[PDB]
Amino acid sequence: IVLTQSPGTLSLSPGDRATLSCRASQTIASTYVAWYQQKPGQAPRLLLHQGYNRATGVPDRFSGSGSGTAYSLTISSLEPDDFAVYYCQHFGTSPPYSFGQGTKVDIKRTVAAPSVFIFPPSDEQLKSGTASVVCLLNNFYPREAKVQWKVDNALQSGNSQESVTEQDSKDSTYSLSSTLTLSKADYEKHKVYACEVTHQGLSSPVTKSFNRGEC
């Protein structure tokens, strides 16, 4: 039994109605559908059990509905403390238990294009036999952003890692940091290190690059 949630992200304001979808690969009875809320740095919180029953302390706005294959967590109108990640779960008569991938409800705001920056490996790090190249995406919205590393004539895969901050408390934007990590011997084999950034706010993909050794 596979649970597929949609959409991946819900951008709303307080007062708006949130309708989170949970689809199962097979027909499941309402008794076996649970919903959970999770905020950063906290254990998940049970919201709905048996498809529609609100857990103890869950406010009125959180309601559940649906049957067969389609189930829904509906918040009548969002309150400021409803922005979090929500998971649906299959709580059947016996294990195994499966969760959906989740749905994140963030704060809606106007589109902000990121500022893109690229940082070469420092001389201190190169002297230890490693080269890290950092690409920075600063204060953008929405969260959906595409970062592609290109080194000379090769798109990079399997040698970078991403990290995104929480939605800012002041301007409700996101920031991302991508680190391309290579061995010093491999790093000195190439010259053009580029970071291509696709986002809703940029008229076209913005590329920030530098040439190794050059200036």
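All residue numbers are counted from 1 along the displayed sequence.
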Do the C-alpha atoms of 47-55 or of 155-163 have the higher average B factor in the entry? 47-55
Higher of the two mean Cα B-factors (194-202, 18-26; per PDB record) comes from 18-26
Deposited CA B-factor, highest of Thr179, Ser65, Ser175, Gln37: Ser65
Among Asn138, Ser132, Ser77, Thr103, where is the Cα B factor highest in this entry? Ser77
Quick tally, chain-level thirds of C-alpha B-factors: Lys108 sits in the lowest
What third of its chain's C-alpha B-factors does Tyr97 belong to: lowest, middle or highest? middle
According to the PDB entry, is the CA B factor of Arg61 in the bottom, middle or top third of its chain, that is, lowest, middle or highest? highest
Should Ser128 be placed in the lowest, middle or highest third of its chain by the C-alpha B factor in the entry? highest
By the record's CA B-factor, is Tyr71 among the lowest, middle or highest third of residues in the chain? highest
